[PDB]
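Colleague: Got a structure for you, work_3.cif, holding mmCIF, C-alpha atoms and all ligand atoms.
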data_coords
#
loop_
_atom_site.label_atom_id
_atom_site.label_comp_id
_atom_site.auth_asym_id
_atom_site.auth_seq_id
_atom_site.Cartn_x
_atom_site.Cartn_y
_atom_site.Cartn_z
CA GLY J 1 7.57 -4.88 -31.31
CA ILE J 2 10.25 -5.07 -28.63
CA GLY J 3 10.39 -8.61 -27.30
CA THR J 4 8.80 -9.31 -23.93
CA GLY J 5 9.84 -12.93 -23.48
CA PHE J 6 12.81 -14.46 -21.67
CA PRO J 7 13.45 -17.73 -23.56
CA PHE J 8 16.87 -18.55 -22.11
CA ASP J 9 17.42 -21.87 -20.38
CA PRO J 10 18.51 -21.38 -16.75
CA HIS J 11 22.05 -22.09 -15.64
CA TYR J 12 23.20 -22.04 -12.03
CA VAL J 13 26.62 -21.95 -10.39
CA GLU J 14 27.44 -22.13 -6.70
CA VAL J 15 29.17 -18.91 -5.60
CA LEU J 16 30.30 -18.49 -1.98
CA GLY J 17 27.63 -20.98 -0.87
CA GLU J 18 24.86 -19.25 -2.83
CA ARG J 19 23.23 -20.21 -6.12
CA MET J 20 23.61 -17.63 -8.89
CA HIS J 21 21.54 -17.82 -12.05
CA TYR J 22 22.90 -16.83 -15.44
CA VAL J 23 22.14 -16.86 -19.15
CA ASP J 24 24.72 -18.73 -21.24
CA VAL J 25 24.20 -18.87 -25.03
CA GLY J 26 26.25 -18.71 -28.18
CA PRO J 27 29.29 -20.69 -29.24
CA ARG J 28 31.47 -22.37 -26.64
CA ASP J 29 34.92 -21.41 -27.92
CA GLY J 30 36.10 -17.85 -28.47
CA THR J 31 36.16 -14.94 -26.05
CA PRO J 32 32.91 -14.63 -24.04
CA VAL J 33 30.79 -11.51 -23.64
CA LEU J 34 29.75 -10.83 -20.05
CA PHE J 35 26.57 -8.75 -19.58
CA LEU J 36 26.14 -7.08 -16.19
CA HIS J 37 22.76 -5.57 -15.20
CA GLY J 38 22.08 -2.99 -12.49
CA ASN J 39 19.30 -1.72 -10.31
CA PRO J 40 16.45 -2.84 -10.27
CA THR J 41 16.81 -5.15 -13.24
CA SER J 42 18.21 -8.61 -13.99
CA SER J 43 19.43 -10.53 -17.01
CA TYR J 44 15.94 -9.77 -18.31
CA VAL J 45 17.23 -6.30 -19.32
CA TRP J 46 19.58 -7.94 -21.88
CA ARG J 47 16.93 -10.25 -23.41
CA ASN J 48 16.67 -8.27 -26.67
CA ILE J 49 20.35 -7.39 -27.06
CA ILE J 50 21.85 -10.85 -26.56
CA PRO J 51 20.18 -12.33 -29.70
CA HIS J 52 22.25 -9.93 -31.87
CA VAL J 53 25.49 -11.19 -30.30
CA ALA J 54 24.81 -14.87 -29.57
CA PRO J 55 25.09 -15.88 -33.26
CA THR J 56 28.85 -15.20 -33.17
CA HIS J 57 29.87 -14.94 -29.49
CA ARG J 58 29.20 -16.58 -26.16
CA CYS J 59 26.85 -14.47 -24.05
CA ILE J 60 26.91 -14.84 -20.27
CA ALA J 61 24.41 -12.70 -18.35
CA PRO J 62 24.31 -13.28 -14.58
CA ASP J 63 21.68 -12.12 -12.14
CA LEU J 64 23.46 -10.24 -9.34
CA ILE J 65 23.16 -11.91 -5.96
CA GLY J 66 19.77 -11.17 -4.36
CA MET J 67 18.29 -10.38 -7.79
CA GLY J 68 16.76 -12.15 -10.75
CA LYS J 69 16.70 -15.91 -10.16
CA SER J 70 19.81 -15.92 -7.98
CA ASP J 71 19.62 -16.79 -4.27
CA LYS J 72 18.79 -14.14 -1.68
CA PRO J 73 21.14 -14.44 1.30
CA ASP J 74 20.77 -12.15 4.31
CA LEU J 75 23.23 -9.47 3.25
CA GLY J 76 23.30 -5.72 3.41
CA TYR J 77 23.81 -5.87 -0.37
CA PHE J 78 26.45 -3.16 -0.27
CA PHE J 79 28.43 -2.62 -3.45
CA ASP J 80 31.21 -4.67 -1.80
CA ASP J 81 28.84 -7.62 -1.37
CA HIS J 82 28.19 -7.59 -5.13
CA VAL J 83 31.94 -7.20 -5.80
CA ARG J 84 32.65 -10.31 -3.75
CA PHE J 85 29.96 -12.37 -5.47
CA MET J 86 30.81 -11.24 -9.02
CA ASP J 87 34.54 -11.83 -8.48
CA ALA J 88 33.69 -15.38 -7.42
CA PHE J 89 31.09 -15.95 -10.18
CA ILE J 90 33.67 -15.05 -12.83
CA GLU J 91 36.17 -17.48 -11.32
CA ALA J 92 33.58 -20.24 -10.78
CA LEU J 93 32.84 -20.14 -14.53
CA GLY J 94 36.55 -20.39 -15.36
CA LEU J 95 36.44 -17.27 -17.51
CA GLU J 96 39.83 -15.97 -18.56
CA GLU J 97 39.62 -13.13 -21.10
CA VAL J 98 36.23 -11.45 -21.49
CA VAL J 99 34.44 -8.60 -23.18
CA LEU J 100 32.20 -6.66 -20.79
CA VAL J 101 28.74 -5.23 -21.59
CA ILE J 102 27.65 -3.27 -18.57
CA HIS J 103 24.96 -0.96 -17.25
CA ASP J 104 24.15 1.01 -14.10
CA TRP J 105 25.54 -0.88 -11.07
CA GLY J 106 26.75 -3.59 -13.40
CA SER J 107 29.05 -0.95 -14.87
CA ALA J 108 30.56 -0.22 -11.48
CA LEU J 109 31.09 -3.95 -11.03
CA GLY J 110 32.61 -4.34 -14.49
CA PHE J 111 34.74 -1.21 -14.39
CA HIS J 112 36.04 -2.08 -10.90
CA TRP J 113 36.84 -5.62 -12.09
CA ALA J 114 38.56 -4.44 -15.28
CA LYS J 115 40.65 -1.91 -13.34
CA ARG J 116 41.86 -4.75 -11.13
CA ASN J 117 42.34 -7.25 -13.99
CA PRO J 118 43.04 -5.20 -17.12
CA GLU J 119 44.84 -8.05 -18.89
CA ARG J 120 41.56 -10.01 -18.88
CA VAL J 121 39.35 -7.36 -20.46
CA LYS J 122 39.43 -7.13 -24.27
CA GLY J 123 36.70 -4.52 -24.53
CA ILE J 124 34.00 -2.76 -22.58
CA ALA J 125 30.57 -1.78 -23.88
CA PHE J 126 28.82 0.45 -21.37
CA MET J 127 25.78 2.71 -21.05
CA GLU J 128 24.09 4.79 -18.32
CA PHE J 129 26.97 3.92 -16.03
CA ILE J 130 28.15 4.80 -12.51
CA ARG J 131 30.26 7.96 -12.42
CA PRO J 132 30.78 10.37 -9.52
CA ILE J 133 27.86 12.80 -9.49
CA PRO J 134 29.55 15.98 -8.19
CA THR J 135 26.48 17.71 -6.77
CA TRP J 136 22.77 17.01 -6.63
CA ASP J 137 22.37 19.62 -9.39
CA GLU J 138 23.94 16.98 -11.66
CA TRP J 139 21.19 14.47 -10.78
CA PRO J 140 18.12 14.86 -13.04
CA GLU J 141 15.76 17.45 -11.58
CA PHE J 142 12.67 15.29 -12.19
CA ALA J 143 14.06 12.52 -9.96
CA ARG J 144 16.10 14.54 -7.46
CA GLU J 145 13.89 14.79 -4.40
CA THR J 146 12.94 11.13 -4.67
CA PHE J 147 16.49 9.83 -4.85
CA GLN J 148 17.32 12.10 -1.93
CA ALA J 149 14.50 10.47 0.05
CA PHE J 150 15.72 7.07 -1.15
CA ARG J 151 18.95 7.75 0.75
CA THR J 152 17.36 7.63 4.21
CA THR J 153 16.41 4.77 6.50
CA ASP J 154 12.97 6.11 7.27
CA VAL J 155 11.35 7.52 4.12
CA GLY J 156 13.73 5.73 1.74
CA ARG J 157 12.86 2.31 3.11
CA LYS J 158 9.11 2.99 3.24
CA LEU J 159 9.19 3.87 -0.46
CA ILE J 160 11.54 1.11 -1.65
CA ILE J 161 10.99 -1.82 0.73
CA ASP J 162 7.40 -1.31 1.85
CA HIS J 163 5.90 0.18 -1.30
CA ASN J 164 8.31 -1.23 -3.97
CA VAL J 165 8.68 2.20 -5.58
CA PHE J 166 11.93 1.38 -7.35
CA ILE J 167 10.09 -1.32 -9.34
CA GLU J 168 6.63 0.24 -9.60
CA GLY J 169 7.75 3.82 -10.32
CA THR J 170 11.48 4.37 -10.71
CA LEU J 171 11.92 1.54 -13.24
CA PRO J 172 9.20 2.83 -15.64
CA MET J 173 10.45 6.38 -15.08
CA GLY J 174 13.82 5.14 -16.36
CA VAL J 175 12.40 4.08 -19.74
CA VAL J 176 11.04 6.51 -22.30
CA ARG J 177 8.69 4.11 -24.04
CA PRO J 178 5.89 2.50 -22.00
CA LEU J 179 6.61 -0.88 -20.44
CA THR J 180 3.96 -3.55 -20.98
CA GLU J 181 2.29 -5.42 -18.13
CA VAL J 182 4.17 -8.58 -19.11
CA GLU J 183 7.50 -6.74 -18.83
CA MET J 184 6.53 -5.23 -15.50
CA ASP J 185 5.68 -8.68 -14.18
CA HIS J 186 9.10 -9.97 -15.26
CA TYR J 187 10.80 -7.13 -13.37
CA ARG J 188 8.48 -7.65 -10.37
CA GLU J 189 9.03 -11.39 -10.02
CA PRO J 190 12.24 -11.43 -7.90
CA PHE J 191 10.82 -8.92 -5.44
CA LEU J 192 7.28 -10.08 -4.63
CA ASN J 193 8.32 -10.49 -0.99
CA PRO J 194 9.12 -7.11 0.66
CA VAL J 195 12.02 -8.52 2.70
CA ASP J 196 13.74 -9.43 -0.58
CA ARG J 197 13.98 -5.75 -1.63
CA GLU J 198 17.08 -4.80 0.40
CA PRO J 199 19.26 -4.63 -2.79
CA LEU J 200 16.84 -2.14 -4.34
CA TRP J 201 17.30 0.26 -1.41
CA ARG J 202 21.01 -0.29 -0.68
CA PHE J 203 21.97 0.44 -4.31
CA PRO J 204 20.68 4.06 -4.47
CA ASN J 205 22.27 4.58 -1.06
CA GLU J 206 25.61 3.57 -2.58
CA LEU J 207 25.35 5.91 -5.57
CA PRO J 208 28.34 8.30 -5.49
CA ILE J 209 26.46 11.60 -5.24
CA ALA J 210 27.85 14.81 -3.73
CA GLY J 211 30.80 12.94 -2.21
CA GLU J 212 28.53 10.38 -0.40
CA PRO J 213 29.25 7.67 0.39
CA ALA J 214 32.95 8.57 0.47
CA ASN J 215 34.17 4.98 -0.03
CA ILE J 216 32.11 4.45 -3.17
CA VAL J 217 33.14 7.84 -4.54
CA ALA J 218 36.81 6.96 -4.17
CA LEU J 219 36.29 3.52 -5.71
CA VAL J 220 34.47 4.92 -8.75
CA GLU J 221 36.97 7.78 -9.13
CA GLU J 222 39.71 5.12 -9.25
CA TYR J 223 38.21 3.17 -12.11
CA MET J 224 37.33 6.39 -13.93
CA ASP J 225 40.98 7.44 -13.69
CA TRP J 226 41.90 4.07 -15.20
CA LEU J 227 39.26 4.38 -17.92
CA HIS J 228 40.59 7.81 -18.94
CA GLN J 229 44.03 6.24 -19.48
CA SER J 230 43.56 2.64 -20.52
CA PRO J 231 43.74 1.66 -24.21
CA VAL J 232 41.00 -0.95 -23.69
CA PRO J 233 38.48 -0.78 -26.55
CA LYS J 234 35.38 1.12 -25.42
CA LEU J 235 31.83 1.33 -26.74
CA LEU J 236 29.56 3.96 -25.09
CA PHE J 237 25.81 4.10 -25.74
CA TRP J 238 23.88 7.17 -24.64
CA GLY J 239 20.37 8.57 -24.95
CA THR J 240 18.52 11.84 -24.51
CA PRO J 241 17.97 13.01 -21.86
CA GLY J 242 19.72 10.09 -20.10
CA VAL J 243 19.80 9.92 -16.29
CA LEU J 244 23.26 8.97 -15.03
CA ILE J 245 24.88 10.16 -18.28
CA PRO J 246 23.33 13.28 -19.90
CA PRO J 247 24.27 13.97 -23.53
CA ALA J 248 26.83 16.64 -22.54
CA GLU J 249 28.66 14.09 -20.38
CA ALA J 250 28.48 11.41 -23.07
CA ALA J 251 30.00 13.98 -25.44
CA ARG J 252 32.97 14.72 -23.16
CA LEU J 253 33.63 11.02 -22.59
CA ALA J 254 33.57 10.18 -26.30
CA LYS J 255 36.37 12.72 -26.83
CA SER J 256 38.48 12.02 -23.72
CA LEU J 257 38.27 8.23 -23.24
CA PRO J 258 40.86 6.47 -25.42
CA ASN J 259 39.72 4.08 -28.18
CA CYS J 260 36.08 4.93 -27.46
CA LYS J 261 33.25 4.95 -29.98
CA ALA J 262 29.98 6.56 -28.84
CA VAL J 263 26.54 5.62 -30.18
CA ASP J 264 23.42 7.77 -29.88
CA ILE J 265 20.47 5.44 -29.31
CA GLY J 266 17.90 8.23 -29.57
CA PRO J 267 15.44 8.86 -26.75
CA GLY J 268 16.46 7.22 -23.52
CA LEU J 269 16.57 7.64 -19.75
CA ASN J 270 18.37 4.92 -17.76
CA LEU J 271 17.31 1.54 -19.19
CA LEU J 272 18.57 2.19 -22.69
CA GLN J 273 18.16 -1.51 -23.46
CA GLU J 274 14.42 -1.03 -23.21
CA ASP J 275 14.29 1.94 -25.58
CA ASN J 276 16.54 0.80 -28.47
CA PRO J 277 17.70 -2.80 -28.01
CA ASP J 278 18.15 -3.46 -31.72
CA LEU J 279 20.66 -0.66 -32.19
CA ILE J 280 22.48 -1.55 -28.97
CA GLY J 281 22.62 -5.24 -29.88
CA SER J 282 23.54 -4.73 -33.52
CA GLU J 283 26.27 -2.22 -32.60
CA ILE J 284 27.80 -4.48 -29.95
CA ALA J 285 28.03 -7.28 -32.52
CA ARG J 286 29.59 -5.02 -35.15
CA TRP J 287 32.05 -3.56 -32.65
CA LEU J 288 33.02 -7.06 -31.46
CA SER J 289 33.93 -8.11 -34.98
CA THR J 290 36.57 -5.34 -34.97
CA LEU J 291 38.29 -6.57 -31.79
CA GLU J 292 41.32 -8.86 -31.50
CA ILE J 293 39.35 -11.56 -29.69
CL CL J 301 20.49 2.75 -7.81
#
In structure tokens, what does this structure look like?
Ligand SMILES: [Cl-]

Modeller:
Amino acid sequence: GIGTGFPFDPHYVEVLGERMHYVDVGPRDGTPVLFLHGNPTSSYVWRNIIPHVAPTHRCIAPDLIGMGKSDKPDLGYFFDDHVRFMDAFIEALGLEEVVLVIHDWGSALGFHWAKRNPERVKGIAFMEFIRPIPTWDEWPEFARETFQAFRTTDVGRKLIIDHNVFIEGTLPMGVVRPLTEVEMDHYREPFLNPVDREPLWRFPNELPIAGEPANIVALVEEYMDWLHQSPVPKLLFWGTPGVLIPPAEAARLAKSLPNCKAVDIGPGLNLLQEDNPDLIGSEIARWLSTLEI
């Protein structure tokens, strides 16, 4: 079965006065592979993909500030807060050229960082990523009224902060196969205290949906304009029905994005890592062997 353990030794680096945790495995030399998770996950979401890559490539998988085993400073945990901390994490580790493997809000971080530093990005593997959602009709019907309620300070915060709905309900509803109790407890562990759940609510409130919020929309539009032009090698994974990326959108992108190979992982919602980690991991490793890295 799909692995439920997290056997990686912890590593910590001081970033802007805060401790960030990260996985670091594989060989020391060579170009590293940087895995960025999203909401409401951690490096745990990469636990079954990394072992396919670590035999031949360094794997670095940080927990976003306020998440995983990283410190939990009193921040609003806006997308800009994560930008600041990931910028500084990358520089605190002395990384120069990287390959990015990115998902959900980690894709927004990685795409925004690659757009600003394209000479340092030798390839991007991405899946279920942040794109402008033009209208709410383009958000999955089965999740629409809930994500709309998420984006309020009254009902949204009762659900996410007080009742932990993003972990207890949204997370399983983003995975086609059933999550075991051991996996749920891994995803629950950073957020046992309700006050620590601010990131889980601020993230859906930053999602670029129907032109809101306007700053995030413009930021994501900018890196999508870069991605439609850039020659950077691209690997897109997609599932059916998907959540952020339905199969029709994955189809368009495979055709339009330059140097982009698309891989159908089968059934999948948002956490595609949890539905087909062996295909995702084995395809990242094969794709990497084709890169000039
Ligand atoms: Cl979100």

Colleague: Excluding residue 115 of chain J and residues on its chain fewer than 3 positions from it, collect all residues at most 6 Å away from it, counting all atoms listed in the file, and give them as a PyMOL selection string.

Modeller: chain J and resi 112+118+223

Colleague: Select from chain J every residue with an atom at most 8 Å from any atom of ligand CL 301 (chain J), then for each give the shortest pair of atoms and their distance in Å to one decimal, using only C-alpha atoms and all ligand atoms, rows by chain and rising number, as a Markdown table.

Modeller:
| residue | atom | partner | partner_atom | distance |
| --- | --- | --- | --- | --- |
| J:38 | CA | J:CL301 | CL | 7.6 |
| J:39 | CA | J:CL301 | CL | 5.3 |
| J:40 | CA | J:CL301 | CL | 7.3 |
| J:104 | CA | J:CL301 | CL | 7.5 |
| J:105 | CA | J:CL301 | CL | 7.0 |
| J:200 | CA | J:CL301 | CL | 7.0 |
| J:201 | CA | J:CL301 | CL | 7.6 |
| J:202 | CA | J:CL301 | CL | 7.8 |
| J:203 | CA | J:CL301 | CL | 4.4 |
| J:204 | CA | J:CL301 | CL | 3.6 |
| J:205 | CA | J:CL301 | CL | 7.2 |
| J:206 | CA | J:CL301 | CL | 7.4 |
| J:207 | CA | J:CL301 | CL | 6.2 |

Colleague: Mind running segment 137-207 of chain J against segment 50-67 of chain J at 9 Å and telling me each contacting residue's nearest atom pair with the distance in Å (one decimal), counting only C-alpha atoms, chain and number ascending, as JSON lines?

Modeller:
{"residue": "J:190", "atom": "CA", "partner": "J:67", "partner_atom": "CA", "distance": 6.1}
{"residue": "J:191", "atom": "CA", "partner": "J:67", "partner_atom": "CA", "distance": 8.0}
{"residue": "J:196", "atom": "CA", "partner": "J:66", "partner_atom": "CA", "distance": 7.3}
{"residue": "J:197", "atom": "CA", "partner": "J:66", "partner_atom": "CA", "distance": 8.4}
{"residue": "J:198", "atom": "CA", "partner": "J:66", "partner_atom": "CA", "distance": 8.4}
{"residue": "J:199", "atom": "CA", "partner": "J:66", "partner_atom": "CA", "distance": 6.7}

Colleague: Output as a Markdown table one row per residue of segment 15-101 of chain J within 10 Å of segment 232-236 of chain J: the closest atom pair and its distance in Å to one decimal place, counting all atoms listed in the file, sorted by chain and residue number ascending.

Modeller:
| residue | atom | partner | partner_atom | distance |
| --- | --- | --- | --- | --- |
| J:99 | CA | J:233 | CA | 9.4 |
| J:100 | CA | J:234 | CA | 9.6 |
| J:101 | CA | J:235 | CA | 8.9 |

Colleague: For residue 244 of chain J, please output as a list in words all residues within 9 Å (counting only C-alpha atoms; exclusion window: fewer than 3 positions along the same chain).

Modeller: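 Once the adjacent positions are removed, what remains is residues 104, 128, 129, 130, 131, 133, 138, 139, 140, 269 and 270 of chain J.
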
Colleague: What's the 10 Å shell around residue 97 of chain J, counting all atoms listed in the file, without same-chain residues fewer than 4 positions away, as a count of residues only?

Modeller: 12
